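Quick setup: one chain, the form deposited in one PDB entry, written in structure tokens, and binding and motion questions come after.
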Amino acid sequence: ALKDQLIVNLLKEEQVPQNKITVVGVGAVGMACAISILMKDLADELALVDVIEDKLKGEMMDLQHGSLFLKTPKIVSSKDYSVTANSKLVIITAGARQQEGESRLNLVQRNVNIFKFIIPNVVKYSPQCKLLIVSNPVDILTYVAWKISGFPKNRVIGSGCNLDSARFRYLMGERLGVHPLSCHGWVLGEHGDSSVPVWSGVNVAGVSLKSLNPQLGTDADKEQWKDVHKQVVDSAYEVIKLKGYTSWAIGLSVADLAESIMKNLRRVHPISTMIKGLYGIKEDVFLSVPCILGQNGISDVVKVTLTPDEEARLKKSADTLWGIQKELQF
């Protein structure tokens, strides 16, 4: 055989990857996550899982064919979760997605059922992984993942408001004529309609925009900055109306969380976690606060000082979500 004429083998390795990532779901969101993860050199193996055989294999092959341009030496796929074995990070994007007009809350039973199958299969093959939940409603499904996995809460993370805050800083950048890296602001709580823009923290170079304009984010705001937050909330509906779905921004957002997890950076991201203990929250509610994300998932939470009005929203969002998730059957 040619190969053995060309190559003398020295040892038969256990081929166990050290930086394996799995993306479950090869719809648009999942493939966007896949490509962004590949072009950020985060993993040594990328596994794809979904339930339509032909599409799954088509996507696997299409990624495969770009390998010369990448630094991820093994890309694999299967309906069978054995393909996901030994992943450090499993990112779940499967499920029904919101159609035009449709609230993310309408996705909940469909996606809880899909997770009843998905989550046990992930755990069986990567008992030590971190879970990053992207499917919607992300806050409730992060909770569902947690319960079915049995994982300690540090290892079950939701993409949450990471994107909402990225979008926020982009709009702001565009208003100010400044790169969004240098524009800071946080959108926290539910990923969706009831999110809370924390106006008090919104700053460029440590200079608080609220201190310069005390009306910032109020109906009295000469410049209507509140519409920046409306734009954030409406963003995914707007994009779904225009192109049918969202992919690139969320892929990029998930990749950025993957980077923090895989490289143990300990950056701060506003992502979905279990916040019992805070802002008046007595139950097992997951929603977005600034979290320090690392190799062990969410290790620490930053306590943001909310105004009474700001804190009032949060407990609302909070109450809503508990009402829905309280009564789920799985």
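Only the largest set of C-alpha atoms that superpose within 1.5 Å between the two forms is called the rigid core. Counting begins at 1, following the sequence as shown.
Keep in mind the form deposited in another entry is missing from the figure; the text below concerns it.
**Student:** At a threshold of 2 angstroms on the CA positions, core aligned, which residue out of 153, 226, 88, 104 shifts between the shown form and the other one?
**Tutor:** The residue that shifts is 104.
**Student:** Could you tell me whether residue 101 and residue 324 have their C-alpha atoms closer or farther apart in the other form than in the shown form, knowing the shift is 3 angstroms or more?
**Tutor:** Nearer in the other form, by 3 Å or more.
**Student:** Knowing the Cα distance between residue 324 and residue 104 changes 3 Å or more in the other form, does it shrink or grow relative to here?
**Tutor:** Relative to the shown form, the pair is closer.
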